[PDB]
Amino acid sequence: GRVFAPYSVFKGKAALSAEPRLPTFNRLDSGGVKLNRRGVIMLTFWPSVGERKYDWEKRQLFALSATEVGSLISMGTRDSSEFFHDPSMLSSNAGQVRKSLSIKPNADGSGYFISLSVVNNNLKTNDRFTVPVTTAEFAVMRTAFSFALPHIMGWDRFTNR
């Protein structure tokens, strides 16, 4: 069944969590198997309430596709990226909620800021969580994401015995 092993970073103003969501397959009637819904690396941001305590109730999610992951793992020290998502895309509720994830180098080069911005035009809200990530932490993510990439793409099914 499920497995819950997130890599988490807890900082002053918010927490950040990351974990793979594996792809789903379908057993063709030809006998073989076929990849159905794509894996992602799910990012969870949540707010620090009171003192070193965190409000899981107010979390926001951002799903990194294979291609966004490749974008993060191939980032230089001075590079930055920005991803834009609509959860209710190609559906009835589109344009209402808008998420943007930005990864920017801090001035020192000592790391990066990762922030999730959520604008909800239905509930008339505007949230923003930012978490600083050291060079070491981002190194864990780079290495963990690279490990995970083949798996969310379903390439770990190509094995000899």
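Heads up: residue numbers just count along the shown sequence, starting at 1.
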| query | finding |
| --- | --- |
| Entry-level comparison of average CA B-factors, 22 to 30 and 42 to 50, reporting the higher stretch | 22 to 30 |
| Segment of higher mean CA temperature factor, 83 to 91 or 70 to 78 | 83 to 91 |
| Top residue by Cα temperature factor, when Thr135, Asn36, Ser117, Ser65 are compared in the entry | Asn36 |
| For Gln60, the third of its chain into which the C-alpha B factor falls | middle |
| Chain-relative CA temperature factor third for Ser100 | lowest |
| Lowest, middle or highest third - CA B-factor, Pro6 | middle |
